[PDB]
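Since the structure comes first, as structure tokens, the remarks are kept for the end.
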Amino acid sequence: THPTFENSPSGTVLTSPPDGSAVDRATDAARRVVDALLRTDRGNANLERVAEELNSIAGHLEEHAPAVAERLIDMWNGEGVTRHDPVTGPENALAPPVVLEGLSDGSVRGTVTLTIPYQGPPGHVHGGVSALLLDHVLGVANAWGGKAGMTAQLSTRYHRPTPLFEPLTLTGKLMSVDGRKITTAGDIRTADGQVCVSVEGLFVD
Amino acid sequence: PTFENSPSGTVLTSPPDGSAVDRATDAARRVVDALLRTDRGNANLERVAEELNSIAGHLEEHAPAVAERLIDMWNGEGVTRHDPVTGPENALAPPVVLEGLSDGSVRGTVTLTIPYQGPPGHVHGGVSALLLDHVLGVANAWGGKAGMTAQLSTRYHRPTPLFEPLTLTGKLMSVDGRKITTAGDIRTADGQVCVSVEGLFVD
């Protein structure tokens, strides 16, 4: 059922495709609000009414629950790539979101340009955000490699500053399997190819 | 502030206020959560997106000429206020509130919500890593040291649940030349370690 490097063409989009909704347009607008709040003038007296508006909007959203809830994909249990997660979730305003494709050699790849909510050192991506993105990519690389495992250990190494506001290439690949034990590796590079962050993860199942 | 010069219980981060940017951010956090639970078929989402865009336009148009200065915690400038773990005006942050303790450790308690979900009902492993990474930077600051991150080794012991109080703790463990070694963990209310970390930083 789930797409893997053996049953799907190279370039198969693994994350959720744009559908033109609706809720995705609203989530994009929320992401835009999140960005703007970090840049806005904090002395703006209008922020009082803006908070009322945002709270009003949230109240509306809360009062409109879906009649039939969509299932949550447990990717780490072999159910396919997740759609609700804080890295790639289209309806998750925490997610950039990252778009990922599976390639013929077993690797998974995407490019993301990150913005100020993701900031740690001035002008650069928080080292923890780099870890979050890489963790998720390894999960997707495992799905695409036809394997499933619970995260056991992540070892992240930081080589060069990771900048905001420019294209970062995320890549992951399942490297080996020994029984229940899966080893997966990935990195984040700038457009010139230089590695900023790399990771080795160990998984079980 | 460092455990040398400051009392146990010193709040280290900048927790949200009743004022006006913090209340707007808190309200944005509420929207973010609601979007993940709401009816995708609700026809009103058309107007909701228009309002959020209108709000964003307002916030964008009400911005200073020069952006506000940032605290570079990793370069010894103090604790960050802009980050996606503790920043009161960063709607990506839960936010986590951290305090410094006499023994040199830092600690905070957080209840995580559905935007942070990985496995169903549970915190994304990468979110645990993020939270821990920042906690280690703060622990270094409270210990009066600072270095850029070199390596973070994160071990997952037990599942980390959403919707309940989690304790985050970090402490600078040693300094050996340029190398700073820092450790921490996330524990449930019963004290059990869900996730632990060891970080190496280079001054």
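List of remarks:
- If only the Cβ of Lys and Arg carry +1 and only the Cβ of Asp and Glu carry -1, the dipole of the range B:16-74 around its Cα centre is close to 220 debye.
- A protection proxy built from the mean count of other Cβ atoms within 10 Å ranks the segments A:3-13, B:149-159, most packed first, as B:149-159, A:3-13.
- Nearest 10 degrees, 0 to 90: helix B:125-142 Cα axis against chain B principal axis: 50 degrees
- Cross-link partners of residue A:181 among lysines, defined as those whose alpha carbon lies under 25 angstrom from its own and excluding same-chain residues fewer than eight positions apart: A:147, A:173.
- Rg over Rh for the range B:9-67 works out to 1.09, using Cα positions for both radii and the Kirkwood form for Rh.
- The range B:132-203-the range A:107-167 distance, computed between alpha-carbon centres (Å): 18 Å
- GNM on chain A, alpha-carbon springs under 10 angstrom: the most fluctuating residue among A:136, A:124, A:64 is A:64.
- Exercise: per-residue mean of other protein chain Cβ atoms within 10 Å, B:155-168: 1
- Note on the range B:59-101 and the range A:12-67: Cα centroid distance 20 Å, given to the nearest whole angstrom.
- Note on chain A: semi-axes of the ellipsoid equivalent to its C-alpha gyration tensor, largest first and rounded to whole Å, are 32, 22, 14.
- Inter-site label distance for residue B:153 and residue A:77 at 7 Å from Cα along Cβ, in nm: 3.2 nm
- Cβ-placed point charges (K, R +1; D, E -1), dipole of chain B about Cα centre in debye, nearest 20: 560 debye
- Peptide A:77-84 - average C-beta neighbours from other chains (10 Å radius): 2
- One decimal place: the segment residue B:145-residue B:44 gains 31.2 nm when fully extended, by the rule 0.36 nm per residue minus the C-alpha distance.
- Between the Cα long axis of helix A:47-63 and the first principal axis of chain A there is an angle of about 60°, rounded to the nearest 10.
- Working note: Karplus 6.51/-1.76/1.60 with θ = phi - 60° gives the range A:4-15 the couplings 9, 4, 8, 10, 9, x, 4, x, 5, 6, 9, 7 Hz, where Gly and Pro are set to x.
- Separation of the residue B:60 and residue A:10 label points, Cα + 7 Å toward Cβ, nm: 3.8 nm
Read-outs throughout are calculated quantities, based only on the coordinates presented, and are distinct from any laboratory measurement. A quick note on method: Cβ atoms are made from the backbone with ideal geometry, for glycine too, and the neighbour counts reach across all protein chains shown.
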